[PDB]
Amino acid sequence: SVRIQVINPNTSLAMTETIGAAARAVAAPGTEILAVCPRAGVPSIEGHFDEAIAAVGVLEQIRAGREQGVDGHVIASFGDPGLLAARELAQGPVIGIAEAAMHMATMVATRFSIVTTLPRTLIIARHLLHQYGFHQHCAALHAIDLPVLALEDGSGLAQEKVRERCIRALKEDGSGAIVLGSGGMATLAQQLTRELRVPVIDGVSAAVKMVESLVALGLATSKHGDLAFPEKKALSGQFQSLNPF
């Protein structure tokens, strides 16, 4: 059996449930999803300050996952907070949802467009594009100008704004696919794909498949050099529980 810990980096249990449901919907036979969120942190991630807090919350759950002996990890917010930090701490592979969505997009289209939540998160997505090397593959980046948690507020306004922005993107951007720029849009991907007749990609589902793929290939994070286990040292105060290994 394969056990994958899907970590929502924010403390919203509502978003954790949406992310968890999306992960189970595409999970292969024999795969168990462990949908979790940090005990302490931020309800939504909307900037660099929120990401720095989320990164430590991710590491808290990574530690818990490694203690449980899970096969892999997913970081389920579009900023992929603490990705490389998590890879150092974890033995199994760690996949970010932005990373996974962008990787899948290059396999089904020449260029993709990103539709995300707030304007101030666009720069974070731009940095990830350069970091992962997909900047040339991204035709345009768009924000719906609503807070992250608007996707969970029951109104359906954010979902409709994503839909409308996806249609506009396919007409103007010169792209063949859409990358959804939030973990909250996870369930909207399958509906828009069928409706718009183009790949509309959710990173949550994509990252699950990447972990499953790597485990089946017998591949895990390289412990040689850059992503080796953290150097042995004493952590103080609030951080002392992060590395008991």
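For every residue, the number given is its place in the sequence shown, counted from 1.
Worksheet entry | Segment of higher mean CA temperature factor, 181-189 or 206-214 | It is 181-189 that shows the higher mean C-alpha B-factor.
Worksheet entry | Mean C-alpha temperature factor, higher of 80-88 and 138-146 | The recorded data point to 138-146.
Practice prompt. Going by the CA temperature factor in the entry, name the top one among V74, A100, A109, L157.
Written response: Among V74, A100, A109, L157, the PDB entry lists the largest C-alpha B-factor for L157.
Worksheet entry | Chain-wide C-alpha B factor ranking for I95, given as lowest, middle or highest third | Its C-alpha B-factor, which the entry lists for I95, ranks in the lowest third among residues of this chain.
Worksheet item: Of the three thirds of its chain by CA temperature factor, lowest, middle or highest, which one includes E60?
Response: Middle third by C-alpha B-factor.
Discussion item. Where does the C-alpha B-factor of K171 rank in its chain, lowest, middle or highest third?
Written reply: It falls in the top third of the chain.
Worksheet item: Relative to the other modelled residues in the chain, which third contains the C-alpha temperature factor of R39: lowest, middle or highest?
Response: Middle third, going by the recorded CA B-factors of the chain.
Fill in: CA B-factor ranking of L118, expressed as a third of its chain
Ranked within chain, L118 CA B lands in the middle tercile.
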